[PDB]
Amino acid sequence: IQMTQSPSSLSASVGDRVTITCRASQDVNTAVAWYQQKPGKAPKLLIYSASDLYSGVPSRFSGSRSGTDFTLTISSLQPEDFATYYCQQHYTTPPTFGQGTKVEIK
């Protein structure tokens, strides 16, 4: 199962509302997580089960599913949120990542 993640990279400003998308090549139910990775660090879990926030993750993050299309939205981009984001499906094993989205300041 492939996850088609887009955009690959984007530039945006503090305060912007921005959405990253991940299309599963087939039904993965709700077995999708999103992660954030900074250079030099391992990825951190942000969202699990498509739409549930991990503890500590701020409310400006949200996830949603509609069929095979998954989105991560940040409602007001903050300086800490500039990073690379990955979707992962873990419906089959081993799980598969999207190719990622680098979120850079404009």
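Residues carry their position along the shown sequence, with the first being 1.
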item: Average Cα temperature factor in the PDB entry - higher stretch of 34-42, 61-69; value: 34-42
item: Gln88 - Cα temperature factor, lowest/middle/highest third of chain; value: lowest
item: Within-chain third of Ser9 by Cα B-factor, per the entry; value: middle
item: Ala50 - Cα temperature factor, lowest/middle/highest third of chain; value: lowest
